[PDB]
2 protein chains.
Amino acid sequence: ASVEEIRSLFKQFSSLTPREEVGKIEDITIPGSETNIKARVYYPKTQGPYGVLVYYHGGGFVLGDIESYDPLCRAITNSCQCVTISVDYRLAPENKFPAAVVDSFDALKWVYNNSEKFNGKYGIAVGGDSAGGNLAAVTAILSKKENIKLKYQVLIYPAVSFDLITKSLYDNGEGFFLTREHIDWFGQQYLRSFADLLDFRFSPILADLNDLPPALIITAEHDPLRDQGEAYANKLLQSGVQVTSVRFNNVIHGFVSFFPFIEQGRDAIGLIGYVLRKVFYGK
Amino acid sequence: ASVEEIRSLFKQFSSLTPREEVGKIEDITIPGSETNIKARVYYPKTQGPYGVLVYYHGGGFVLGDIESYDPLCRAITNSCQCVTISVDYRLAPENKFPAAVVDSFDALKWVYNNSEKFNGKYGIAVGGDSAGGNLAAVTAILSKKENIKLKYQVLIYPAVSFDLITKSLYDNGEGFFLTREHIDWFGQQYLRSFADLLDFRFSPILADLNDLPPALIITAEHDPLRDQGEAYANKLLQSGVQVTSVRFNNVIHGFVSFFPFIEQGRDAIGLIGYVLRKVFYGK
């Protein structure tokens with residue numbers, strides 16, 4: 001199947017997943033530095049004012065989009081009781097690194113600067129799964145550099161480094177949905193050149209992690225990315241940042257997207273909702 | 001440090017901990033088969049009807065009590081928005097196995113049969129930490145034998161087996177608060193003879209785990225009890241029971257009790273509150 005065929009398939013797969021009702025939905029266009037960036041704003045059913053979570057979908061920098069992630073963003077919105085803004089960042093191979101990062105950061109900056117539009121008085125958080133967790137992490141690092149003050153970062157089974165050495169990569173590299181072959185192929189589509197491996201915007205583990213927002217980092221027992229996600233948590237802690245690092249056992253990469261039928265995914269979404277209600281609202 | 005002393009010092013530590021307001025508190029005395037059992041009933045600030053969590057404190061079957069666990073049970077109450085009933089089961093070495101178990105089960109059975117006192121229409125769950133997780137697991141097994149239909153079991157870093165073999169026992173058995181030496185000494189206070197090692201009421205991993213209530217099992221990366229806790233989750237799964245097994249990384253045994261200063265502990269209590277709100281209330 002072509003990359004376009006698989007992109008379409010994931011939208012199709014979404015439509016079989018029950019979409020929770022939220023308060024209100026609107027599509028916006030965010031004026032980016034290189035492009036105009038589509039986003040979907042989900043309001044919860046409760047009264048404002050709100051906290052706002054800017055969410056970056058996963059899909060290896062190549063796949064995924066606002067539509068295929070719509071059911072998960074609805075569930076997150078209701079769990080967190082916060083405005084969620086799901087960002088359609090530019091995809092590879094058509095748009096190589098650092099386009100996804102440029103779009104993701106541009107979107108965050110704009111949301112931070114315009115949070116009043118959403119009655120977003122309780123502050124901004126970032127969040128994302130896999131490649132989106134990478135983007136959330138990198139956006140938080142870029143924010144610190146620009147003195148944008150984030151409340152929280154939710155990193156769901158993130159990819160934080162180029163990896164040829166973690167035990168989990170070899171133990172879990174076959175037979176658990178996300179494989180070594182996939183990972184290598186995504187990396188090929190996204191990267192411009194070998195030199196990009198030195199760039200913290202590709203591997204955020206490389207950055208100085210001092211003064212970042214506190215974090216929830218979810219990993220999955222059977223995920224090749226598990227060890228590096230837990231390493232990002234350790235490096236945050238070593239840098240004085242509060243992080244709750246939680247490994248969901250018995251589940252594979254992607255399990256949160258499968259919340260309708262993997263109950264551990266529903267419970268992860270429950271935990272996400274808890275930490276954000278905590279940080280935004282004091283509960 | 002005699003038993004009495006060490007009990008009373010833990011009682012002091014806990015006294016300086018700030019206590020969350022709950023809706024109201026009633027001390028009751030449950031007529032056990034062998035003893036009168038004190039229990040503290042915590043109501044949340046919401047109005048009912050409620051689910052009820054019957055909670056068994058940790059402390060190795062030797063330490064802890066209602067007062068020293070009062071701050072945790074308040075936090076849990078407000079998080080689950082459920083009635084929490086903290087049981088003062090008989091302690092060792094004064095009262096050897098199976099005293100704690102008989103009291104824990106007698107308490108559960110009475111709460112179950114009297115759920116209307118608590119406006120507990122949404123049903124009954126069990127929970128506990130460490131030794132208390134052992135008791136909650138054992139109480140669930142005994143319930144099934146007697147057709148008592150529990151909603152959920154929350155096992156917080158439970159001890160589920162006699163153990164000389166797990167990797168985490170050796171990796172984590174010194175220098176992380178709960179030590180080899182302590183685990184030994186607790187066992188020596190609690191058990192009558194070596195024969196009790198055969199008893200599922202001491203090691204619930206031995207039991208047939210079919211048809212038990214669904215479970216949240218929290219383990220801690222640096223706990224000697226970690227592997228056996230994750231084993232209990234796996235055996236539940238193998239036995240057709242739904243379980244969300246979550247390893248909290250970077251923390252030691254007991255971290256949930258130190259929630260006021262270990263934020264991962266507070267987040268664990270949030271997750272506990274989510275799963276119980278889900279199962280009781282559909283939340």
# chains A, B, ... in the order shown; residues from 1 in each chain; ligands from 1

call {"tool": "calpha_fit_rmsd", "arguments": {"fixed": "chain B", "moving": "chain A"}}
result
0.3 Å

call {"tool": "select_by_dssp", "arguments": {"residues": "region 40-273 of chain B", "states": "strand (DSSP E)", "output": "ChimeraX atom specification"}}
result
/B:40-43,52-56,83-87,124-129,152-156,215-220,243-248

call {"tool": "write_last_selection", "arguments": {"atoms": "N, CA, C and O atoms", "output": "short mmCIF file (atom, residue, chain, number, x, y, z; two decimals), in the first residue's frame"}}
result
data_model
loop_
_atom_site.label_atom_id
_atom_site.label_comp_id
_atom_site.auth_asym_id
_atom_site.auth_seq_id
_atom_site.Cartn_x
_atom_site.Cartn_y
_atom_site.Cartn_z
N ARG B 40 -12.74 2.75 60.68
CA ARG B 40 -13.13 4.13 60.43
C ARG B 40 -13.75 4.30 59.05
O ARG B 40 -13.13 3.92 58.04
N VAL B 41 -14.96 4.87 59.01
CA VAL B 41 -15.71 5.08 57.78
C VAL B 41 -15.59 6.54 57.34
O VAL B 41 -15.98 7.45 58.07
N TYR B 42 -14.98 6.75 56.17
CA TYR B 42 -14.78 8.09 55.60
C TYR B 42 -15.83 8.32 54.52
O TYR B 42 -15.93 7.51 53.59
N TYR B 43 -16.61 9.40 54.62
CA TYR B 43 -17.53 9.78 53.53
C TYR B 43 -16.93 10.91 52.73
O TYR B 43 -16.30 11.81 53.29
N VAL B 52 -18.32 1.59 47.92
CA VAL B 52 -17.59 1.47 49.18
C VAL B 52 -16.27 0.74 48.93
O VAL B 52 -16.26 -0.38 48.38
N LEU B 53 -15.19 1.34 49.40
CA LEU B 53 -13.88 0.69 49.40
C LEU B 53 -13.54 0.25 50.82
O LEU B 53 -13.32 1.09 51.70
N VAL B 54 -13.38 -1.04 51.00
CA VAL B 54 -12.88 -1.57 52.26
C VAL B 54 -11.36 -1.67 52.17
O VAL B 54 -10.83 -2.30 51.24
N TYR B 55 -10.67 -0.97 53.06
CA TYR B 55 -9.25 -0.72 52.91
C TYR B 55 -8.47 -1.34 54.07
O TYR B 55 -8.83 -1.14 55.23
N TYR B 56 -7.37 -2.01 53.74
CA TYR B 56 -6.53 -2.67 54.74
C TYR B 56 -5.14 -2.06 54.72
O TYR B 56 -4.45 -2.11 53.70
N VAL B 83 -17.15 5.92 49.70
CA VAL B 83 -16.97 5.64 51.12
C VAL B 83 -15.77 4.71 51.31
O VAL B 83 -15.64 3.73 50.59
N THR B 84 -14.83 5.10 52.17
CA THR B 84 -13.66 4.26 52.48
C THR B 84 -13.75 3.78 53.91
O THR B 84 -13.98 4.59 54.82
N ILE B 85 -13.64 2.46 54.10
CA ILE B 85 -13.72 1.87 55.43
C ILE B 85 -12.39 1.24 55.82
O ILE B 85 -11.97 0.22 55.24
N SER B 86 -11.64 1.94 56.67
CA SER B 86 -10.30 1.49 57.04
C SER B 86 -10.40 0.54 58.23
O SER B 86 -10.99 0.89 59.27
N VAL B 87 -9.92 -0.70 58.04
CA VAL B 87 -10.10 -1.79 59.01
C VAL B 87 -8.89 -1.93 59.95
O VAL B 87 -7.75 -2.03 59.49
N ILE B 124 -19.13 -2.85 46.33
CA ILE B 124 -18.04 -2.90 47.30
C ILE B 124 -16.76 -3.31 46.57
O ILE B 124 -16.74 -4.31 45.84
N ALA B 125 -15.68 -2.60 46.85
CA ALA B 125 -14.33 -2.96 46.37
C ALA B 125 -13.45 -3.20 47.59
O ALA B 125 -13.78 -2.76 48.69
N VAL B 126 -12.33 -3.91 47.40
CA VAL B 126 -11.29 -4.02 48.44
C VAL B 126 -9.98 -3.39 47.99
O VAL B 126 -9.72 -3.29 46.79
N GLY B 127 -9.19 -2.91 48.93
CA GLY B 127 -7.89 -2.37 48.57
C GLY B 127 -6.95 -2.38 49.75
O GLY B 127 -7.37 -2.49 50.89
N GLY B 128 -5.65 -2.23 49.48
CA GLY B 128 -4.69 -2.14 50.57
C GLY B 128 -3.28 -2.07 50.03
O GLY B 128 -3.05 -2.36 48.85
N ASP B 129 -2.34 -1.68 50.89
CA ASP B 129 -0.96 -1.51 50.47
C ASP B 129 -0.06 -2.51 51.19
O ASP B 129 -0.19 -2.72 52.41
N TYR B 152 -14.20 -4.63 42.47
CA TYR B 152 -12.82 -4.22 42.08
C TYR B 152 -11.88 -4.57 43.23
O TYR B 152 -12.32 -4.68 44.39
N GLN B 153 -10.60 -4.75 42.92
CA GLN B 153 -9.59 -4.86 43.97
C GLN B 153 -8.39 -3.97 43.60
O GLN B 153 -7.94 -3.98 42.44
N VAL B 154 -7.99 -3.11 44.54
CA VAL B 154 -6.86 -2.20 44.35
C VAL B 154 -5.69 -2.71 45.18
O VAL B 154 -5.73 -2.64 46.42
N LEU B 155 -4.65 -3.21 44.52
CA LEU B 155 -3.52 -3.79 45.23
C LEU B 155 -2.31 -2.89 45.10
O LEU B 155 -1.73 -2.77 44.02
N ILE B 156 -1.91 -2.27 46.20
CA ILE B 156 -0.83 -1.29 46.15
C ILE B 156 0.47 -1.91 46.65
O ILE B 156 0.59 -2.23 47.83
N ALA B 215 -8.81 -5.65 38.60
CA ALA B 215 -7.77 -5.21 39.53
C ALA B 215 -6.99 -4.00 38.97
O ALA B 215 -6.71 -3.93 37.77
N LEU B 216 -6.63 -3.08 39.87
CA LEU B 216 -5.50 -2.18 39.65
C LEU B 216 -4.35 -2.64 40.53
O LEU B 216 -4.54 -2.82 41.73
N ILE B 217 -3.21 -2.92 39.91
CA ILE B 217 -2.04 -3.33 40.68
C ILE B 217 -0.90 -2.35 40.43
O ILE B 217 -0.43 -2.21 39.31
N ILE B 218 -0.46 -1.69 41.50
CA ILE B 218 0.59 -0.70 41.41
C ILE B 218 1.86 -1.32 42.01
O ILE B 218 1.82 -1.92 43.10
N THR B 219 2.93 -1.33 41.23
CA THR B 219 4.22 -1.73 41.76
C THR B 219 5.17 -0.54 41.70
O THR B 219 4.85 0.48 41.08
N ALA B 220 6.34 -0.69 42.32
CA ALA B 220 7.32 0.38 42.37
C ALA B 220 8.64 -0.14 41.82
O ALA B 220 9.01 -1.28 42.09
N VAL B 243 -6.90 -6.79 34.43
CA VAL B 243 -6.02 -6.09 35.38
C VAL B 243 -5.20 -5.00 34.70
O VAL B 243 -4.73 -5.16 33.57
N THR B 244 -5.19 -3.82 35.31
CA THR B 244 -4.27 -2.77 34.88
C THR B 244 -3.10 -2.77 35.84
O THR B 244 -3.28 -2.52 37.04
N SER B 245 -1.96 -3.24 35.34
CA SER B 245 -0.72 -3.39 36.14
C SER B 245 0.17 -2.21 35.76
O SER B 245 0.45 -2.03 34.59
N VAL B 246 0.47 -1.34 36.72
CA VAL B 246 1.26 -0.14 36.43
C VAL B 246 2.47 -0.07 37.36
O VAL B 246 2.33 -0.17 38.58
N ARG B 247 3.65 -0.05 36.77
CA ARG B 247 4.87 0.11 37.55
C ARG B 247 5.23 1.59 37.61
O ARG B 247 5.46 2.21 36.59
N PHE B 248 5.19 2.17 38.81
CA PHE B 248 5.67 3.53 38.98
C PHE B 248 7.19 3.51 39.09
O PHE B 248 7.76 2.83 39.95
#

call {"tool": "residues_around", "arguments": {"residues": "residue 272 (chain A)", "least_positions_apart": "5", "cutoff": "9 Å", "atoms": "only C-alpha atoms", "output": "PyMOL selection string"}}
result
(chain A and resi 76+79-80+154+216+267+277) or (chain B and resi 271)

call {"tool": "residues_around", "arguments": {"residues": "residue 266 (chain A)", "least_positions_apart": "5", "cutoff": "8 Å", "atoms": "only C-alpha atoms", "output": "list in words"}}
result
residues 256, 259 and 260 of chain A

call {"tool": "closest_residue", "arguments": {"among": "B:123, B:212, B:78, B:61", "to": "chain A", "atoms": "only C-alpha atoms"}}
result
B:78

call {"tool": "closest_residue", "arguments": {"among": "A:200, A:6, A:240, A:221", "to": "chain B", "atoms": "only C-alpha atoms"}}
result
A:221
